[PDB]
>>> print(open('structure25.cif').read())   # mmCIF, C-alpha atoms and all ligand atoms
data_model
loop_
_atom_site.label_atom_id
_atom_site.label_comp_id
_atom_site.auth_asym_id
_atom_site.auth_seq_id
_atom_site.Cartn_x
_atom_site.Cartn_y
_atom_site.Cartn_z
CA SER S 1 102.45 80.34 95.30
CA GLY S 2 102.09 82.61 98.37
CA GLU S 3 105.35 82.71 100.32
CA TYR S 4 107.58 85.75 99.98
CA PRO S 5 109.63 85.24 96.84
CA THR S 6 113.38 84.60 97.20
CA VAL S 7 116.46 85.25 95.04
CA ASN S 8 116.59 81.82 93.42
CA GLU S 9 112.88 81.93 92.58
CA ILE S 10 113.06 85.12 90.47
CA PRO S 11 115.03 85.11 87.17
CA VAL S 12 116.83 88.36 86.51
CA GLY S 13 114.40 90.45 84.46
CA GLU S 14 111.10 89.43 86.01
CA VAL S 15 109.27 91.10 88.82
CA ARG S 16 106.94 89.74 91.46
CA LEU S 17 104.50 91.61 93.63
CA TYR S 18 103.55 90.62 97.17
CA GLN S 19 100.51 91.95 98.98
CA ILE S 20 101.60 93.34 102.33
CA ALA S 21 98.35 94.94 103.55
CA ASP S 22 95.29 96.56 102.03
CA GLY S 23 96.62 98.96 99.38
CA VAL S 24 100.27 98.06 100.09
CA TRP S 25 102.48 95.73 98.01
CA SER S 26 106.16 95.05 97.87
CA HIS S 27 107.90 94.51 94.54
CA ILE S 28 110.76 92.01 94.24
CA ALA S 29 113.26 91.71 91.46
CA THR S 30 116.76 90.29 91.00
CA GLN S 31 119.88 91.69 89.44
CA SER S 32 123.49 90.75 88.80
CA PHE S 33 126.21 92.88 90.34
CA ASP S 34 129.94 92.11 90.33
CA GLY S 35 129.21 88.53 89.30
CA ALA S 36 126.62 87.61 91.92
CA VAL S 37 122.81 87.75 91.87
CA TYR S 38 120.86 89.60 94.50
CA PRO S 39 117.17 90.22 95.24
CA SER S 40 115.86 93.63 96.10
CA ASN S 41 112.58 95.10 97.32
CA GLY S 42 110.51 98.18 96.73
CA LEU S 43 107.05 99.34 97.72
CA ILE S 44 103.78 100.23 95.99
CA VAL S 45 101.11 102.17 97.90
CA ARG S 46 97.62 102.88 96.65
CA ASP S 47 96.88 106.64 96.53
CA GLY S 48 93.14 106.77 95.66
CA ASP S 49 92.90 105.71 92.01
CA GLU S 50 96.65 106.12 91.50
CA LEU S 51 99.77 104.45 92.87
CA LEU S 52 102.88 105.73 94.60
CA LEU S 53 106.04 103.72 93.86
CA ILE S 54 108.93 103.51 96.30
CA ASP S 55 112.23 102.58 94.59
CA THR S 56 112.90 101.18 91.16
CA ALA S 57 113.31 97.44 90.45
CA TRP S 58 117.14 97.74 89.98
CA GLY S 59 117.65 98.52 86.32
CA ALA S 60 115.87 99.68 83.24
CA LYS S 61 114.59 96.32 82.02
CA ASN S 62 113.51 95.27 85.50
CA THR S 63 111.69 98.56 85.98
CA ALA S 64 109.89 98.15 82.66
CA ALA S 65 108.87 94.69 83.84
CA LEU S 66 107.69 96.22 87.12
CA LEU S 67 105.37 98.60 85.32
CA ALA S 68 103.97 95.71 83.28
CA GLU S 69 103.42 93.62 86.40
CA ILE S 70 101.60 96.50 88.13
CA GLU S 71 99.35 96.87 85.08
CA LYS S 72 98.56 93.14 85.15
CA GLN S 73 98.04 92.75 88.89
CA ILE S 74 96.71 96.11 90.06
CA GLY S 75 95.65 98.08 87.00
CA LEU S 76 96.06 101.59 88.43
CA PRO S 77 98.57 104.11 87.05
CA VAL S 78 101.83 104.81 88.81
CA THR S 79 101.96 108.62 89.01
CA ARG S 80 104.85 109.33 91.40
CA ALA S 81 107.96 107.53 92.57
CA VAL S 82 110.36 108.18 95.41
CA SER S 83 113.86 106.79 95.54
CA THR S 84 115.16 106.16 99.04
CA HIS S 85 118.89 106.51 98.29
CA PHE S 86 121.22 106.95 95.36
CA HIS S 87 122.32 103.37 94.53
CA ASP S 88 121.19 101.56 91.38
CA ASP S 89 118.77 99.29 93.25
CA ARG S 90 116.83 102.51 94.10
CA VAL S 91 117.32 104.84 91.08
CA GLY S 92 118.26 102.45 88.25
CA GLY S 93 115.14 102.62 86.13
CA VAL S 94 114.23 106.25 86.89
CA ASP S 95 114.69 107.08 83.18
CA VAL S 96 112.17 104.31 82.29
CA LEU S 97 109.75 105.76 84.90
CA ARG S 98 110.15 109.28 83.59
CA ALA S 99 109.35 108.07 80.04
CA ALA S 100 106.25 106.30 81.31
CA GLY S 101 104.84 109.55 82.73
CA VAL S 102 105.90 108.95 86.36
CA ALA S 103 107.10 111.97 88.30
CA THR S 104 110.33 110.94 90.13
CA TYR S 105 111.44 112.35 93.42
CA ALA S 106 114.36 112.06 95.85
CA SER S 107 116.03 114.16 98.52
CA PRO S 108 118.57 116.74 97.34
CA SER S 109 121.23 114.62 99.00
CA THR S 110 120.23 111.58 96.96
CA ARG S 111 120.12 113.60 93.76
CA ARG S 112 123.62 115.00 94.30
CA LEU S 113 125.06 111.56 95.13
CA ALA S 114 123.35 109.94 92.15
CA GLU S 115 124.71 112.65 89.82
CA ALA S 116 128.23 112.30 91.21
CA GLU S 117 128.26 108.52 90.84
CA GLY S 118 126.77 108.53 87.32
CA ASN S 119 123.47 106.92 88.31
CA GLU S 120 120.03 107.97 87.09
CA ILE S 121 118.74 111.14 88.72
CA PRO S 122 115.15 111.66 89.97
CA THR S 123 113.61 114.84 88.62
CA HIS S 124 112.21 116.49 91.76
CA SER S 125 113.84 117.36 95.07
CA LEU S 126 112.23 116.47 98.42
CA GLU S 127 112.93 119.28 100.89
CA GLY S 128 112.37 119.02 104.60
CA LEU S 129 114.45 115.86 105.09
CA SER S 130 117.96 117.16 105.65
CA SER S 131 118.25 116.70 109.45
CA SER S 132 118.02 113.35 111.21
CA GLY S 133 114.56 112.87 112.68
CA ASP S 134 112.88 114.92 109.91
CA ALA S 135 109.63 113.65 108.51
CA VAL S 136 107.36 114.83 105.66
CA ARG S 137 104.13 113.60 104.19
CA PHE S 138 104.06 112.41 100.57
CA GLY S 139 100.66 111.13 99.48
CA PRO S 140 99.71 108.09 101.53
CA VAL S 141 103.14 107.75 103.23
CA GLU S 142 105.44 109.54 105.59
CA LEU S 143 109.08 109.87 104.57
CA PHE S 144 111.59 109.87 107.44
CA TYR S 145 115.30 110.62 107.46
CA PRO S 146 116.81 108.59 110.33
CA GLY S 147 120.43 109.68 109.89
CA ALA S 148 123.32 108.01 108.14
CA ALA S 149 123.20 104.21 108.00
CA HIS S 150 123.55 102.15 104.83
CA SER S 151 124.19 105.48 103.11
CA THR S 152 124.23 109.09 104.26
CA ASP S 153 121.02 109.86 102.33
CA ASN S 154 118.87 106.79 103.15
CA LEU S 155 115.18 107.44 103.77
CA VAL S 156 112.63 105.19 105.36
CA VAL S 157 108.92 105.14 104.50
CA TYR S 158 105.95 104.56 106.77
CA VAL S 159 102.40 103.74 105.60
CA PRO S 160 100.23 104.97 108.53
CA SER S 161 97.01 103.35 107.32
CA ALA S 162 98.64 99.92 107.56
CA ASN S 163 101.48 100.40 110.08
CA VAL S 164 103.94 99.25 107.43
CA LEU S 165 107.54 100.36 107.88
CA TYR S 166 109.65 100.16 104.72
CA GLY S 167 113.21 100.44 105.99
CA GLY S 168 114.94 100.34 102.67
CA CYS S 169 118.58 99.39 102.80
CA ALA S 170 119.03 100.81 106.31
CA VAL S 171 117.19 97.66 107.51
CA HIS S 172 118.29 94.08 106.95
CA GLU S 173 116.34 90.87 106.98
CA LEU S 174 116.49 88.47 109.93
CA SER S 175 118.66 85.92 108.09
CA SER S 176 121.39 88.44 107.30
CA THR S 177 124.79 87.58 108.67
CA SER S 178 126.55 90.72 107.56
CA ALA S 179 125.63 94.28 106.86
CA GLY S 180 125.28 93.91 103.04
CA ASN S 181 127.03 96.32 100.72
CA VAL S 182 128.71 98.77 103.07
CA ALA S 183 130.56 100.76 100.41
CA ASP S 184 128.87 104.05 101.28
CA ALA S 185 127.77 103.18 104.87
CA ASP S 186 128.46 104.76 108.25
CA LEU S 187 128.76 101.71 110.51
CA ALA S 188 129.36 103.89 113.58
CA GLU S 189 126.19 106.00 113.11
CA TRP S 190 123.98 103.22 111.84
CA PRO S 191 122.86 101.86 115.27
CA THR S 192 121.91 105.41 116.32
CA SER S 193 119.91 105.84 113.14
CA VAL S 194 118.11 102.51 113.73
CA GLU S 195 117.36 103.63 117.28
CA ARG S 196 115.70 106.73 115.80
CA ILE S 197 113.53 104.53 113.61
CA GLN S 198 112.54 102.37 116.60
CA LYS S 199 111.60 105.43 118.62
CA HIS S 200 109.62 107.07 115.81
CA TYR S 201 107.65 104.01 114.64
CA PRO S 202 106.92 101.85 117.69
CA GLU S 203 103.59 100.66 116.30
CA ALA S 204 104.98 99.23 113.07
CA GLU S 205 103.47 95.84 112.36
CA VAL S 206 105.37 94.87 109.20
CA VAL S 207 108.97 95.88 108.56
CA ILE S 208 110.29 95.53 105.00
CA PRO S 209 114.06 95.47 104.43
CA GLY S 210 115.72 96.73 101.26
CA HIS S 211 116.68 93.18 100.38
CA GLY S 212 115.09 89.97 101.66
CA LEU S 213 112.13 88.89 103.70
CA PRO S 214 109.74 91.18 105.63
CA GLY S 215 109.11 90.59 109.29
CA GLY S 216 108.24 92.57 112.37
CA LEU S 217 110.02 95.12 114.51
CA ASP S 218 112.80 92.59 115.37
CA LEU S 219 114.38 93.42 111.99
CA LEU S 220 115.48 96.72 113.48
CA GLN S 221 117.31 95.25 116.46
CA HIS S 222 118.78 92.50 114.28
CA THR S 223 120.11 95.15 111.91
CA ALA S 224 121.79 97.01 114.77
CA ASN S 225 123.34 93.74 115.92
CA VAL S 226 124.76 92.71 112.54
CA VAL S 227 126.09 96.20 111.85
CA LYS S 228 127.83 96.36 115.26
CA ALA S 229 129.48 93.00 114.56
CA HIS S 230 130.53 94.00 111.03
CA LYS S 231 132.13 97.20 112.41
CA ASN S 232 134.00 94.91 114.80
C1 LIG Y 301 123.50 98.39 94.23
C2 LIG Y 301 124.14 98.31 95.59
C3 LIG Y 301 124.43 96.82 95.86
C4 LIG Y 301 125.09 95.94 95.00
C5 LIG Y 301 125.26 94.59 95.33
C6 LIG Y 301 124.78 94.08 96.55
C7 LIG Y 301 124.12 94.96 97.43
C8 LIG Y 301 123.56 94.79 98.69
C9 LIG Y 301 123.48 93.54 99.52
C10 LIG Y 301 124.55 92.66 99.60
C11 LIG Y 301 124.44 91.53 100.42
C12 LIG Y 301 123.28 91.28 101.16
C13 LIG Y 301 123.18 90.03 102.07
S1 LIG Y 301 123.79 90.36 103.77
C14 LIG Y 301 122.55 91.53 104.38
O1 LIG Y 301 123.80 89.16 104.58
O2 LIG Y 301 125.13 91.01 103.65
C15 LIG Y 301 122.22 92.17 101.05
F1 LIG Y 301 121.04 92.05 101.73
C16 LIG Y 301 122.33 93.28 100.24
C17 LIG Y 301 123.08 96.04 99.04
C18 LIG Y 301 122.53 96.48 100.32
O3 LIG Y 301 123.15 96.11 101.37
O4 LIG Y 301 121.64 97.41 100.28
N1 LIG Y 301 123.30 96.93 98.07
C19 LIG Y 301 123.97 96.30 97.07
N2 LIG Y 301 125.36 99.04 95.76
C20 LIG Y 301 126.42 99.29 94.84
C21 LIG Y 301 127.41 99.99 95.60
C22 LIG Y 301 128.73 100.46 94.96
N3 LIG Y 301 128.68 101.92 94.87
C23 LIG Y 301 129.80 102.71 95.30
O5 LIG Y 301 130.81 102.25 95.78
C24 LIG Y 301 129.49 104.20 95.11
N4 LIG Y 301 128.56 104.39 93.99
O6 LIG Y 301 126.98 100.14 96.94
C25 LIG Y 301 125.72 99.50 97.07
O7 LIG Y 301 125.09 99.37 98.06
ZN ZN Y 302 122.44 100.98 98.67
ZN ZN Y 303 120.40 98.09 98.85
#
>>> encode(input="structure25.cif", output="C-alpha cells", more="lines below")
Ligand SMILES: C[C@@H](c1cccc2c(-c3ccc(CS(C)(=O)=O)c(F)c3)c(C(=O)O)[nH]c12)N1CC(CNC(=O)CN)OC1=O
Ligand SMILES: [Zn+2]
Ligand SMILES: [Zn+2]
Amino acid sequence: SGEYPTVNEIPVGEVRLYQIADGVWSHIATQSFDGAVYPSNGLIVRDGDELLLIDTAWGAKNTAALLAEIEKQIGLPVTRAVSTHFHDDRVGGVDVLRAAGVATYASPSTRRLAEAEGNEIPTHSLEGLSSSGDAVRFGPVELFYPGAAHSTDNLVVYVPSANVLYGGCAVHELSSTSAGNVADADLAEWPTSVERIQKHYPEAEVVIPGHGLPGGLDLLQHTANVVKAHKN
C-alpha cells in the first residue's frame, strides 16, 4: 500500500513494482536459495514508448511474472534488458526474456562468468566497460564499471533524467549488517570501487541497492563500512 515492499511481504513467484521517479520503477521479487528466502531488486526505465529492463527477477517463473506485472502496470513493451553481473538474481530468467522478444545484454566479463557457472547467458556483449571508471550510454541510462566489488564484473546504472543510481549488488541497503553473499567478491577492492561510484555520481538523489530498500547517497558509505568490517 505504498511503502517499499519487503521480503516477508512478497511470496516467492510474485513481483511488485515501485515507482522511483518519472519513468523509473524498481522491480522486487523473492527467491529461495540454500534454504532461505531473499528479496532482490531490478530496474525498469522508460525509453520513449518502450522499456529498458535492468536485471531479471531471479528465476524463470519470477521473470515471467515480472513481464506480466509490467504489462498490467505500465503497458509498454520491454525491448532490451541488461544484466549487471553473472549471478542468478541478475541473469536467471534471461531465457524467458529472450523468448518474449527482449534483446538481452551484458558485459563480456559477465557473459564468460555466466557461461562458466552454468547460468543463463545474455545474447549481446557490451563493449567499452572493461576498465574501472568506464562508462557507456545505453538508451536512457549510463552503464558504469566501478571495479571489482560484489563481483569482478558488477556494473552500476545511472538514470540521468532522474538522478537515480542503481548500484546493483555492489551497494547494500542501510539496514545491512554484513556484506551479503560474498562468494565471488573482492572485499579489499570493494571500498575503492564504491569510492569511484561516489566520485562519478555525486548528484544522485536515489540510490537503489541490489537487495533491500532504496535510500540516498549514504548507502554508498554504509556499504564501504559493512564491507570493511566483514573483511575484518
Ligand atoms: C544469487 C546470489 C545470492 C544468493 C543468496 C543470497 C544472496 C545475497 C544476499 C545475502 C544476504 C543479504 C543481507 S546482508 C546485506 O545483511 O548480508 C543480502 F542483501 C543479499 C546476494 C547479494 O549480496 O547480492 N546475492 C545472493 N549468489 C549466489 C552465489 C553463489 N555462486 C558461486 O559461488 C559462483 N557461481 O553468489 C551470489 O551472490
Ligand atoms: Zn551477486
Ligand atoms: Zn545480489
>>> residues_around(input="structure25.cif", residues="stretch 58-69 of chain S", least_positions_apart="3", cutoff="7 Å", atoms="all atoms listed in the file", output="ChimeraX atom specification")
/S:13-15,29,31,72-73,88-90,92-93,96
>>> residues_around(input="structure25.cif", residues="stretch 177-182 of chain S", least_positions_apart="6", cutoff="7 Å", atoms="all atoms listed in the file", output="ChimeraX atom specification")
/S:150,226-227,230
>>> residues_around(input="structure25.cif", residues="residue S:1", least_positions_apart="4", cutoff="12 Å", atoms="all atoms listed in the file", output="list in words")
residues 5, 6, 9, 16, 17 and 18 of chain S
>>> closest_residue(input="structure25.cif", among="S:165, S:43, S:213, S:82", to="residue S:3", atoms="all atoms listed in the file")
S:213
>>> axis_aligned_box(input="structure25.cif", around="ligand LIG 301 (chain Y)", padding_each_side="3 Å", output="AutoDock Vina command-line options")
--center_x 125.9 --center_y 96.8 --center_z 99.3 --size_x 15.8 --size_y 21.2 --size_z 16.6
>>> residues_around(input="structure25.cif", residues="residue S:53", least_positions_apart="5", cutoff="9 Å", atoms="only C-alpha atoms", output="ChimeraX atom specification")
/S:42-46,78-83
>>> write_last_selection(input="structure25.cif", atoms="C-alpha atoms", output="compact mmCIF listing (two decimals), in the frame of the given file")
# COMPACT_ATOMS: atom_id res chain seq x y z
CA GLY S 42 110.51 98.18 96.73
CA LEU S 43 107.05 99.34 97.72
CA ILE S 44 103.78 100.23 95.99
CA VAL S 45 101.11 102.17 97.90
CA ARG S 46 97.62 102.88 96.65
CA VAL S 78 101.83 104.81 88.81
CA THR S 79 101.96 108.62 89.01
CA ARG S 80 104.85 109.33 91.40
CA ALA S 81 107.96 107.53 92.57
CA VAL S 82 110.36 108.18 95.41
CA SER S 83 113.86 106.79 95.54
>>> atom_distance(input="structure25.cif", atom1="atom CA of residue S:204", atom2="atom CA of residue S:22")
14.9 Å
>>> residues_near_ligand(input="structure25.cif", ligand="ligand LIG 301 (chain Y)", cutoff="9 Å", atoms="all atoms listed in the file", output="MDAnalysis selection string")
chainID S and resid 31:34 36:40 58 86:90 92 113:114 116:119 150:151 168:185 209:212 223 226
>>> closest_residue(input="structure25.cif", among="S:163, S:192, S:84, S:104", to="ligand ZN 302 (chain Y)", atoms="all atoms listed in the file")
S:84
>>> atom_distance(input="structure25.cif", atom1="atom CA of residue S:219", atom2="atom CA of residue S:197")
11.3 Å
>>> atom_distance(input="structure25.cif", atom1="atom CA of residue S:110", atom2="atom CA of residue S:141")
18.6 Å
>>> closest_residue(input="structure25.cif", among="S:216, S:23, S:167, S:108", to="ligand ZN 303 (chain Y)", atoms="only C-alpha atoms and all ligand atoms")
S:167
>>> closest_residue(input="structure25.cif", among="S:229, S:154, S:206, S:120", to="ligand ZN 302 (chain Y)", atoms="only C-alpha atoms and all ligand atoms")
S:154
>>> closest_residue(input="structure25.cif", among="S:11, S:189, S:91, S:102", to="ligand ZN 303 (chain Y)", atoms="all atoms listed in the file")
S:91
>>> closest_residue(input="structure25.cif", among="S:194, S:148, S:20, S:129", to="ligand ZN 302 (chain Y)", atoms="only C-alpha atoms and all ligand atoms")
S:148
